[PDB]
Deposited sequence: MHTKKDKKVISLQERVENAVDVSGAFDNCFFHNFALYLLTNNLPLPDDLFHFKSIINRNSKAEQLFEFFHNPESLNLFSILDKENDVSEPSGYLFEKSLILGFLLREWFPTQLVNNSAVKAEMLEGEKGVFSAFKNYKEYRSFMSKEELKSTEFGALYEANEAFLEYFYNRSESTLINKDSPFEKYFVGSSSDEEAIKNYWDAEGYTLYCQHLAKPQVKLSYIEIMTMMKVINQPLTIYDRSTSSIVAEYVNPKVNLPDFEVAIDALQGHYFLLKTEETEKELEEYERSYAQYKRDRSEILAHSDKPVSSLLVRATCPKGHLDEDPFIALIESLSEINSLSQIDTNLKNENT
């Protein structure tokens, strides 16, 4: 039916993971194993590995609570999922086919870029994929639009090639897929329903994503063999609203009350009631790193 889902915080661009987080907490489903002991793919600095010194067991108790739990789980999930689909060769191969696969997204990238800026294609549903493989795609674009190239790292996949789809696959299985998983895990990279479906497919979690205006289905993963509580969120600026159910309405209305407390507390921040209010502020106003404002408040324990 048409329903008014809860407004989930879009702090740290983890709005979907926050939706998945409170879905795992409202109906008491066990968190995925090794969410607290994994080695993240990212090679800059892992927000998950910084939080591992305060949480070691599905220990999430505060003594100074549901909103604070999803925001912490948002960080670990952002880096957990990519490490689960980087040595998964099956997903690596199943992600090239389909009307929305890499073969289609790349081919679309080449012909569409003749009149569309790359930033105009980065705001698309394939933005995360277009950014991870930006170097190969830009080489891919001008190589087929101009007759003279530059003598470079990607030309191996193009000589001795039968197709343009053989070059894309040769790039993908060598380094394209892993580059993609490394980009999904770094912060501030936002997710569309493309990545989410392959994320929900790798853990067999049914999900339905409606449009908040039409209530029509936008993206859907269906597996009737697994029977878990119905997971459904609506969304289009990248903001997801989790739909309530009989077991969630009073526990999400309790979480709605914190967020409304967090919003006004974050507007008098610039004598507050909520723990991580300064951590959810935008950058530059108070600190330079909202995340290090989060770990400062966790060290009080």
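Engineer: Give me the ranges of the deposited sequence that have no CA atoms here, in sequence order.
Structural biologist: Holes in the chain trace, numbered from 1: 1 to 14, 73, 80 to 92, 180, 265 to 266, 302 to 306, 338 to 352.
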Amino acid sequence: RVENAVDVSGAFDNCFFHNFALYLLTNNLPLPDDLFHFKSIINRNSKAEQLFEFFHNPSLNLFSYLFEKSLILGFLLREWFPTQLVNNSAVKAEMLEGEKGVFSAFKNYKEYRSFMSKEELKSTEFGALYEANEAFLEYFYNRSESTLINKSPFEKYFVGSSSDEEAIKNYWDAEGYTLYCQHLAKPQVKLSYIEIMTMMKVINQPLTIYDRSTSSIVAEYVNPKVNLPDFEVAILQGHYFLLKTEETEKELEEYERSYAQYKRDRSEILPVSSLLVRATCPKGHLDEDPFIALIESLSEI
From here on, numbers count along this sequence of modelled residues.
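Engineer: Of the two stretches 225 to 233 and 131 to 139, which shows the higher Cα B-factor on average in the entry?
Structural biologist: Mean B over CA atoms: larger for 225 to 233.
Engineer: Mean CA B-factor: is it higher for 34 to 42 or for 244 to 252?
Structural biologist: Looking at the recorded C-alpha B-factors, 244 to 252 comes out higher on average.
Engineer: Taking the values exactly as deposited, rank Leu276 by C-alpha B-factor within its chain and report the matching third: lowest, middle or highest.
Structural biologist: Middle third.
Engineer: Based on the deposited C-alpha B factors for this chain, I'd like to know if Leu60 is in the lowest, middle or highest third.
Structural biologist: Lowest third.
Engineer: If you rank every modelled residue in this chain by C-alpha B factor, which third holds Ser161: lowest, middle or highest?
Structural biologist: CA B-factor rank for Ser161: highest third.
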